[PDB]
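Quick notes on the structure that follows.
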Amino acid sequence: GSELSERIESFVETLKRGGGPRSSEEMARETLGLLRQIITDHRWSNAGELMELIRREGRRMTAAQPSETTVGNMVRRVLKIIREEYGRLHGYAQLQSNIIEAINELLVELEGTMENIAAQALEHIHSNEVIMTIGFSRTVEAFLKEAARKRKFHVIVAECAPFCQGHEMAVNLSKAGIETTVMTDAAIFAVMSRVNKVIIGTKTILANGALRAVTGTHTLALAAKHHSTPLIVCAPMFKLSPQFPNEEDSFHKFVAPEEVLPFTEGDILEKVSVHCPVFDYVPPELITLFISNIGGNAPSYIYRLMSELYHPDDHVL
Amino acid sequence: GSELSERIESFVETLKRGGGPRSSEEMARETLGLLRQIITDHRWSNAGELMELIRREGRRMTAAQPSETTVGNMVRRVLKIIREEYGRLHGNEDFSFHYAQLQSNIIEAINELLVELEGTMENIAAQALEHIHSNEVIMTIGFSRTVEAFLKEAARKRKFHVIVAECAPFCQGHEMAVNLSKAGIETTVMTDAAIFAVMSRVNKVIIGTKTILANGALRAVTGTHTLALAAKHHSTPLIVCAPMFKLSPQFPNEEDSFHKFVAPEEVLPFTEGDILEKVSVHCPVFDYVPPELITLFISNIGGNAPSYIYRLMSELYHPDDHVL
């Protein structure tokens with residue numbers, strides 16, 4: 001049925017224009033949902049045609065919004081899954097159900113990724129600690145909230161400056177008696193001297209471990225490498241991607257400059273070329289320890305996960 | 001009078017045998033009392049002859065115990081006092097221009113210096129409250145009575161954890177931590193094999209020091225180099241709570257026997273046995289903290305970066321007295 005085209009186009013449109021959803025994992029699951037819908041309801045002879053088709057829709061879905069790359073690496077992982085199924089059926093008839101059950105098992109693993117990471121938490125934290133976290137990510141909120149039922153500590157969250165989501169995260173955390181304190185972002189280094197380990201979220205984790213976080217993190221990662229306190233990058237294994245740092249500044253996402261300098265100012269808005277990015281690169285040499293849905297990792301080792309998750313060839317997509 | 005002779009000789013004997021008296025400020029006060037005795041019981045009428053006299057005892061002393069910089073730089077400072085008063089009265093040659101007036105002035109200046117030297121713990125203690133903001137974890141090391149006075153003064157209006165390593169050659173951190181907890185500071189003894197594991201969780205590193213050189217670099221009770229090197233790897237701010245007389249104007253590698261090796265019995269007691277034949281045991285007591293790890297000397301005049309310490313030489317010791 002041609003309702004598949006409607007799913008595709010509505011997905012694309014709600015990808016470009018508005019932010020939906022908020023939990024990135026929900027975008028992951030609905031990317032996989034649309035992908036299953038694609039990978040049944042369309043005609044193909046061999047798996048080659050299916051790979052070509054998936055790469056076509058993936059190119060469109062990524063050039064749609066190249067900063068929100070969750071969906072891009074989801075398309076890449078589904079391409080890896082079809083490659084695996086073709087290998088198992090080759091060393092043209094029934095691989096469809098195999099691919100579908102593999103995608104289903106992938107969705108199964110994706111449901112409980114926050115619970116995996118939560119279960120992992122209680123080890124890395126210790127009592128009477130002082131953690132800092134930037135912005136608001138659901139993974140970190142779980143990680144802190146559920147592992148604060150056994151051990152009491154503090155968390156110095158920093159209100160991110162363009163969109164003070166740190167406020168929402170701080171209220172969510174302090175609705176669990178966790179002692180969250182909200183500092184304006186500017187004063188990160190003012191207290192990055194009394195912080196025992198920093199736990200940041202992410203939006204991606206490039207091939208070499210260089211994450212890409214809510215703006216105001218490269219400052220946090222530098223102010224950590226200064227005092228040599230370790231960044232704990234709580235980040236599920238679908239927030240990875242085989243892209244490498246070079247992205248011709250489509251890397252960042254450049255939101256409407258109405259956030260920093262409001263349109264209600266005056267004439268000074270004709271000369272001033274206001275900037276407001278939201279995503280900051282973080283080099284792999286300040287990160288200490290990733291927390292994937294399989295376990296802890298050292299930043300370097302991240303590259304290996306790539307060769308075991310996304311096929312090396314389909315990185316151009 | 002030969003009484004001065006026997007006193008000086010007993011003094012240098014005590015210096016060679018074993019520290020006397022123990023407290024560094026007490027040794028500086030004793031050195032000054034002796035030096036004053038020289039300026040009341042010897043034959044001099046010039047200033048040059050007195051400078052030669054003072055150098056003739058100071059060489060003996062600073063060659064007795066090369067790690068007693070207290071008495072050495074105290075002799076240097078009395079020399080500076082001589083230079084200053086003789087130059088202001090008469091005035092580069094020193095001549096016997098005048099007489100006892102100079103000696104009365106010298107005794108008065110030495111009395112003032114000694115009074116400033118006896119009330120320095122209280123100065124730094126009153127300077128504490130501004131530094132120890134509540135809920136710190138102040139990591140000391142060893143037992144330096146100035147740092148104990150500093151901390152048990154600052155903890156009369158705030159509250160903060162206090163890690164204290166103990167010096168492993170021979171443990172004195174224990175007595176400091178016991179004296180601390182008898183004032184209720186919530187202190188934490190530990191052997192200094194763990195200065196790097198329990199440093200990430202430290203806010204400010206408050207160390208004493210035996211002697212501040214003229215790089216800012218100091219010579220402090222052992223294992224404090226590695227504490228400073230860790231607390232600079234973790235970029236916490238050091239605080240060298242040293243009064244102003246623990247300040248020799250030598251320079252780091254301009255001194256041999258920098259350290260002070262003590263009887264290796266403490267590191268590997270004699271009870272050990274045969275294996276004491278083929279092992280060279282070293283018990284360095286003092287270690288050389290370079291000047292770029294330190295941050296803030298807390299002297300009786302206030303706080304000072306290390307890059308101000310050199311100026312203190314130019315304002316305390318004459319440039320031709322850095323060889324005593």
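Just remember, in the structure tokens the first chain shown is A, the second B, etc., residues are 1-based per chain, and ligands are 1-based in the order shown.
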Worksheet item: If we count only C-alpha atoms, which residues of chain A reach to within 9 Å of chain B? Please list them as JSON, numbers by chain.
Response: {"A": [129, 193, 194, 195, 196, 197, 226, 227, 228, 229]}
Fill in: All alpha helix (DSSP H) positions in range 42-220 of chain B, as a count of residues only
82
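Comparing A:313, A:84, A:105, A:168 by their smallest distance to residue 55 in chain A, the closest is A:313 (using only C-alpha atoms).
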Worksheet entry | Shell of 7 Å around range 302-306 of chain A, only C-alpha atoms, local chain residues under 6 positions omitted, as a ChimeraX atom specification | /A:207-209,242
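Those residues that approach residue 143 in chain B to within 6 Å, counting only C-alpha atoms, are residues 172, 173 and 176 of chain B; same-chain residues fewer than 4 positions away are not listed.
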Discussion item. I'd like the contact shell of residue 280 in chain A - 6 Å cut-off, only C-alpha atoms, skipping same-chain residues fewer than 3 positions apart - returned as an NGL selection string.
Written reply: :A and (212-213 or 215)
Discussion item. What's around residue 110 in chain B at 8 Å? Count only C-alpha atoms, leave out sequence neighbours fewer than 4 positions away in its own chain, and write the answer as a count of residues only.
Written reply: 6
Worksheet item: Taking into account only C-alpha atoms, which residue in the set B:214, B:250, B:198, B:269 is nearest to residue 227 in chain B?
Response: B:198
